[PDB]
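>>> following this: a sequence and the matching experimental structure.
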Amino acid sequence: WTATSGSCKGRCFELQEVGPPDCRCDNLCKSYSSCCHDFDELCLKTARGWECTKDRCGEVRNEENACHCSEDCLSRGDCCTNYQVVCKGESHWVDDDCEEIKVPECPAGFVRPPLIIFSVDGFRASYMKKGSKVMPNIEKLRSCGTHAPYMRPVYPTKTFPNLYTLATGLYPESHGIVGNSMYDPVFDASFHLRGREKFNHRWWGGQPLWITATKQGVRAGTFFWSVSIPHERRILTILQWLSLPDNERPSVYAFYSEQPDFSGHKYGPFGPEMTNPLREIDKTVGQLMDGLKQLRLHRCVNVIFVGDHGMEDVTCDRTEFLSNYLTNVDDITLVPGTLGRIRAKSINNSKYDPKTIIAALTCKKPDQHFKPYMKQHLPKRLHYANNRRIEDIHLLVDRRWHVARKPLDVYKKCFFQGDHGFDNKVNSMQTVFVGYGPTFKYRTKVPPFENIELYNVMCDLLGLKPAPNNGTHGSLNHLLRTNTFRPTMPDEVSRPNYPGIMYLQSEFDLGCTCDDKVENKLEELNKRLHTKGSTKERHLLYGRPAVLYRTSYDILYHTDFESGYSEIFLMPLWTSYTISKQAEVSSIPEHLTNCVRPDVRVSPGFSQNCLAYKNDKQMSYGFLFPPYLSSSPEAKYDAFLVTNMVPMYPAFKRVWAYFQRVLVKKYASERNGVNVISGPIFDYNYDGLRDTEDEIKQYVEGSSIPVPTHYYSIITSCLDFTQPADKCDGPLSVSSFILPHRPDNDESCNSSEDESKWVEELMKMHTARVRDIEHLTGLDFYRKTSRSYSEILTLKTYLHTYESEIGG
Ligand SMILES: *[C@@H]1O[C@H](CO)[C@@H](O[C@@H]2O[C@H](CO)[C@@H](O[C@@H]3O[C@H](CO[C@H]4O[C@H](CO)[C@@H](O)[C@H](O[C@H]5O[C@H](CO)[C@@H](O)[C@H](O)[C@@H]5O[C@H]5O[C@H](CO)[C@@H](O)[C@H](O)[C@@H]5O)[C@@H]4O)[C@@H](O)[C@H](O)[C@@H]3O)[C@H](O)[C@H]2NC(C)=O)[C@H](O)[C@H]1NC(C)=O
Ligand SMILES: O=C(c1ccc2[nH]nnc2c1)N1C[C@H]2C[C@H](S(=O)(=O)CCc3cc(Cl)cc(Cl)c3)C[C@H]2C1
Ligand SMILES: [Ca+2]
Ligand SMILES: [Zn+2]
Ligand SMILES: [Zn+2]
């Protein structure tokens with residue numbers, strides 16, 4: 001209940017929210033059904049439209065109009081945004097050639113440039129080019145400001161998770177909003193778009209931009225709006241707020257449009273009906289920019305034009321039904337659409353087995369338009385597992401399709417032609433970023449980037465200190481004219497040992513054999529230089545990674561590779577090696593197939609042993625540096641050391657073998673040599689961060705040898721391919737993957753065929769930022785290049801998507 005007896009007289013869109021049961025007058029009062037009786041009357045005038053006409057000029061102030069053209073309106077700060085235009089012979093902003101804004105040009109009283117966030121729902125990246133002829137204002141912004149060809153949302157590519165990520169720089173797994181619809185099992189409640197649950201503050205984690213602002217002395221406009229409030233009043237309210245006196249005027253503002261998403265669902269991404277929604281948006285933009293020119297703020301304010309996601313062609317008849325795969329279709333709840341999420345209908349059930357549910361859903365029709373995963377097995381770049389609100393069973397749906405439970409749900413719950421929510425790397429989901437203002441750069445294109453990064457930047461524009469988030473602060477410095485944040489490499493925590501020869505063959509009882517006995521001052525002095533690291537600057541191109549936690553490890557040099565070997569985990573943390581274009585693939589000689597040699601630099605006590613592997617019929621082994629790419633038959637023995645060996649399921653070895661034997665050489669040819677760093681990853685609790693010694697859930701049977709949950713490689717080369725990797729002057733180029741270490745190849749439906757038909761496809765799906773691997777390993781790469789640190793942060797955030805050219 002609320003006594004709505006109070007009044008909004010002079011409180012129209014007040015900024016401090018008063019508490020029940022007195023009536024509110026802010027842009028959220030509607031959604032809580034708690035407005036004062038006169039709110040509609042006083043605060044939402046509509047009379048005479050939103051534009052001045054000639055006859056309206058100089059007029060007599062009438063408080064009933066929606067906006068004014070009366071002489072005193074500039075003073076009152078409430079003119080129609082075109083007042084200067086029709087009444088004062090002034091041109092529109094869109095018509096002025098754009099002048100570089102070399103310094104802020106702000107009126108007396110503005111202690112800092114304000115920031116306006118203009119967010120547009122469902123604004124697909126390719127709109128900027130395709131709809132350009134009917135969006136001149138937005139095309140002005142793009143072309144004079146700083147733009148990216150596209151910006152990448154988070155997964156799921158849905159509205160709530162994506163808007164809240166903009167405001168926090170957090171993955172949904174961390175912020176709490178993992179879907180538009182969610183079930184929390186500790187709350188036993190459901191978050192849906194309709195209804196009032198989504199209002200309880202308990203769903204919303206992280207610290208959003210406006211709280212960050214308040215907590216540090218910067219006042220904020222309120223971000224959310226109410227659906228019935230038209231866009232014109234939304235603009236005029238933002239300009240009114242900007243006319244407030246210095247001590248009350250917010251410094252950060254938000255605008256939001258339901259379009260073009262609302263139509264995209266109706267007409268599809270490119271339906272001819274779409275031109276109007278776009279025309280509208282552009283007009284709204286024009287109205288902000290004209291309004292800011294009226295207030296002398298158009299060369300003072302920084303504007304961010306940003307979308308939350310894109311839009312794909314989707315229709316009813318492209319629905320896949322679980323009822324055609326399952327029998328007990330009724331002992332499951334499904335969260336449907338462009339992503340599936342499954343749980344037991346009741347926890348009263350002990351007969352409920354996910355293993356059989358997954359199997360029932362795996363590669364079961366040749367045509368299949370989805371794929372089941374357990375959430376811990378989803379690609380790590382999706383960062384979609386570490387939250388109780390994410391159900392164990394996830395369905396990745398194909399672009400252009402839906403998953404539903406039964407058919408009844410689709411005709412009784414065709415009307416739509418567009419949707420969104422697919423994998424964040426799918427082209428049609430990409431969205432927009434343009435930045436315009438004094439602090440942004442002038443006529444500047446920047447590379448595509450992930451939206452989790454904007455929070456840091458928006459804090460920079462405000463002089464705020466960003467709350468702990470998932471961006472990599474400094475990775476977007478190249479967007480800005482001048483930045484308050486000069487980033488610095490983290491400090492090495494653990495320094496390495498450099499062990500020489502300290503053990504004799506006979507001290508090792510490891511159960512390994514090797515045919516290596518057949519045995520010169522000139523070529524003995526030589527390989528000594530290899531074990532001290534005389535070819536280290538060939539295989540360690542960017543300096544050694546740093547270890548950012550306390551642990552005991554040894555560096556190990558060889559002719560063809562070099563490693564950081566963990567006495568704790570009994571295997572290397574990283575292994576680094578350069579393969580030049582000219583290098584050639586040889587095969588493992590018949591005699592050395594089962595060769596495993598002790599490493600006389602490392603004690604028997606801190607070594608793996610062949611015995612345990614023999615005893616464990618589930619587990620086999622692999623090597624980090626591949627023997628196939630040894631530079632000489634002699635150097636090859638180096639690859640068989642007990643300290644280059646890692647545990648690997650037979651099924652994984654297939655994957656690994658073909659990566660090592662075929663793809664490395666291929667990349668080396670296409671890229672002009674590559675530098676490869678490879679290693680294990682342990683993330684048993686799937687939080688995207690390295691596990692500690694005492695969080696290991698799986699050892700090789702009868703040993704203290706941990707089993708990785710994943711395998712990574714980082715493949716680097718010269719961005720200019722005419723330069724070999726090992727002699728690169730300028731910028732670098734990189735691609736990486738985090739491969740799940742799994743005992744079967746159920747993920748690949750063509751897996752019984754030749755590796756050449758399915759392995760590279762899997763690797764692609766599990767593409768990765770170097771930054772993701774840093775979280776998962778606790779290492780820090782690229783410590784010694786010729787490149788600026790900011791450039792190196794940009795590079796560690798890059799993700800190679802394997803999607804073709806945006807637009808067509
Ligand atoms: C992306 O970036 C984030 C932020 O930097 C990283 O997540 C941080 O990781 C660390 C280590 O795991 C956590 O530290 C622990 O924190 C607790 C106390 O923390 C409390 O207070 C903080 C800060 O005020 C608060 O954010 C936490 O709130 C969580 O839990 C709420 C429910 O109880 C929930 O409403 C909220 O959304 C948030 O939930 C998520 O995080 C928790 C982690 O605690 C997780 O269990 C849950 O599933 C959600 O994902 C919390 O009450 C200390 O006592 C511990 O000792 C420990 O140091 C930070 O809490 C955590 N911060 C956030 C915001 O999640 C991610 O690791 C990073 N991802 C990657 C891949 O790098
Ligand atoms: O109906 C939809 C909607 C939109 C599309 C869809 N597709 N499929 N289903 C969809 C449903 N909606 C109404 C809601 C209110 C807005 S809001 O005004 O609260 C966001 C303002 C804001 C801006 C920033 Cl920058 C950050 C944050 Cl956190 C919030 C969010 C919601 C969308
Ligand atoms: Ca972990
Ligand atoms: Zn949206
Ligand atoms: Zn939508």
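Happy to help now that I have it. Numbers count the residues shown, from 1 in each chain. Ligands and ions are numbered 1, 2, ... in the order given.

>>> from the contact counts, what lies against the longest helix seen in the chain?
Using DSSP state H, we find that the single longest helix of the chain is helix 275-294. Helices and strands touching helix 275-294, by 3 or more CB pairs under 8 Å, 6 or more residues apart in numbering; DSSP states H and E, are helix 83-88, strand 115-121, helix 136-144, helix 231-243, strand 252-260. Yep, even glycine has a C-beta here, placed from its N, CA and C like the rest.

>>> what's the burial count for the residue nearest to residue 769 when sequence neighbours are not counted?
Among residues not flanking residue 769 along the chain, residue 799 sits closest, at 5.0 Å (CB to CB, 6 or more residues apart in numbering). Number of residues near residue 799 (other CB atoms under 10 Å) recorded here: 21.

>>> what sits against residue 799?
Contacts for residue 799 (CB atoms under 8 Å, 6 or more residues apart in numbering) come out as 152, 381, 425, 450, 767, 768, 769.

>>> give me that answer again for 10 Å
152, 381, 424-425, 448-450, 734-736, 767-772 (CB atoms under 10 Å, 6 or more residues apart in numbering).

>>> return the closest of those residues with respect to ligand 3.
Using CB to the ion, residue 772 is the member of those that lies nearest ligand 3, at 12.7 Å.

>>> any residue of the host helix or strand of the closest one touching ligand 1?
Residue 772 belongs to helix 770-777 when elements are defined using DSSP states H and E. Yes - judged by CB under 6 Å from any ligand atom, helix 770-777 and ligand 1 are in contact via residue 775.

>>> residues in contact with residue 671?
So residue 671 contacts 579, 581, 715, 716, 717, 718, 719, 721, 724, 725, 733, 735 (CB under 10 Å, 6+ apart).

>>> okay if I get the residues you listed as TSV plus distance to ligand 2?
Listed next are the contacts of residue 671 as TSV, based on distance: CB to the nearest ligand atom, whole Å:
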residue	distance to ligand 2
579	46
581	47
715	36
716	35
717	38
718	39
719	34
721	40
724	46
725	42
733	33
735	32
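
>>> narrow the residues you listed to those that are buried.
Burial by neighbour count, judged by 16 or more other CB atoms under 10 Å, picks out 579, 581, 715, 716, 717, 718, 724, 725, 733, 735 from those.

>>> now, which of those residues sits nearest residue 625?
residue 579 (10.4 Å; CB to CB).

>>> that closest one: what's it in contact with?
Per CB under 10 Å, 6+ apart, neighbours of residue 579: 539, 560, 585, 626, 629, 631, 664-665, 667-669, 671, 673-676, 715, 725-726.

>>> tell me if stretch 192-206 is near ligand 4.
No - using CB under 5 Å from the ion, we find that stretch 192-206 stays clear of ligand 4, coming within 11.2 Å at best.

>>> correct me, but residue 74 touches residue 90?
No - counting by CB atoms under 10 Å, residue 74 does not reach residue 90; the two are 11.6 Å apart.

>>> any residues in contact with both of the two?
83, 84, 294.

>>> who's in contact with the second one?
It refers to residue 84. By CB under 10 Å, 6+ apart, the residues touching residue 84 are 52, 74, 90, 91, 92, 290, 291, 293, 294, 295.

>>> buried subset of those?
Neighbour-count burial (16+ other CB under 10 Å) applied to the contacts of residue 84 gives 52, 74, 92, 290, 291, 293, 294, 295.

>>> tell me the phi and psi of residue 444?
phi -130, psi 120 (degrees, to the nearest 10).

>>> tally of neighbours for it?
Neighbours of residue 444 using other CB under 10 Å come to 16.

>>> contacts only, for it.
For residue 444, counting by CB under 10 Å, 6+ apart, the contacting residues are 144, 145, 146, 147, 148, 435, 478, 479, 480, 481.

>>> just flag the most distant two among those.
By the measure CB to CB, 144 and 478 form the most distant pair in the contacts of residue 444, at 17.4 Å.

>>> what's the distance between whichever residue of the stretch 251-400 of the chain sits closest to ligand 4 and ligand 2?
Closest residue of the stretch 251-400 of the chain to ligand 4, CB to the ion: residue 308 (4.3 Å). Distance of residue 308 to ligand 2, given as CB to the nearest ligand atom, to the nearest Å: 8 Å.

>>> ok, that residue - contacts?
So residue 308 contacts 119-123, 151, 153-154, 157-166, 256, 261, 420, 431-432, 451 (CB under 10 Å, 6+ apart).

>>> regarding the residue of the chain positioned farthest from its centre, which helix or strand does it belong to?
In the chain, counting by CA atoms, centre = their mean, residue 520 sits farthest out from the average C-alpha position, at 56.1 Å. In this structure, residue 520 is located outside every helix and strand according to DSSP H and E.

>>> who touches it in this structure?
Contact analysis of residue 520 by CB under 10 Å, 6+ apart lists residue 526.

>>> which parts of this protein sit against ligand 3?
Counting by CB under 5 Å from the ion, the chain sits next to ligand 3 at 683, 685, 687, 689, 691.

>>> separation between the residue in the chain positioned nearest to ligand 1 and ligand 2?
Ranked by CB to the nearest ligand atom, the top residue of the chain for proximity to ligand 1 is residue 205, at 1.9 Å. Using CB to the nearest ligand atom, residue 205 is found at 12 Å from ligand 2.

>>> what segments of the stretch 551-700 of the chain are strands?
For the stretch 551-700 of the chain, the strands defined by DSSP state E, counting those that start in this stretch occupy 553-557, 562-566, 571-579, 620-623, 645-648, 674-681.

>>> dump these into JSON lines; add distance to ligand 1 as well.
What follows is the strands of the stretch 551-700 of the chain, written out as JSON lines (distance: least, CB to the nearest ligand atom, whole Å):
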{"stretch": "strand 553-557", "distance to ligand 1": "22"}
{"stretch": "strand 562-566", "distance to ligand 1": "21"}
{"stretch": "strand 571-579", "distance to ligand 1": "18"}
{"stretch": "strand 620-623", "distance to ligand 1": "26"}
{"stretch": "strand 645-648", "distance to ligand 1": "23"}
{"stretch": "strand 674-681", "distance to ligand 1": "12"}
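
>>> dump those strands to CSV, plus distance to residue 279.
Shown next, in CSV, are those (distance: least, CB to CB, whole Å):
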stretch, distance to residue 279
strand 553-557, 61
strand 562-566, 58
strand 571-579, 54
strand 620-623, 58
strand 645-648, 58
strand 674-681, 49
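
>>> and residue 414, which of those is closest to it?
Here strand 674-681 is closest among the strands of the stretch 551-700 of the chain (CB to CB), at 44.3 Å.

>>> which strands and helices sit next to that closest one?
helix 536-539, strand 562-566, strand 571-579, strand 645-648, helix 664-671, strand 710-718, strand 732-740, helix 770-777 (3 or more CB pairs under 10 Å, 6 or more residues apart in numbering; DSSP states H and E).

>>> hmm, back to that, take the contacts of residue 84 and lay them out in a markdown table including distance to ligand 1.
Shown next, in a markdown table, are these (distance: CB to the nearest ligand atom, whole Å):
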| residue | distance to ligand 1 |
| --- | --- |
| 52 | 47 |
| 74 | 45 |
| 90 | 47 |
| 91 | 47 |
| 92 | 43 |
| 290 | 40 |
| 291 | 37 |
| 293 | 40 |
| 294 | 41 |
| 295 | 37 |
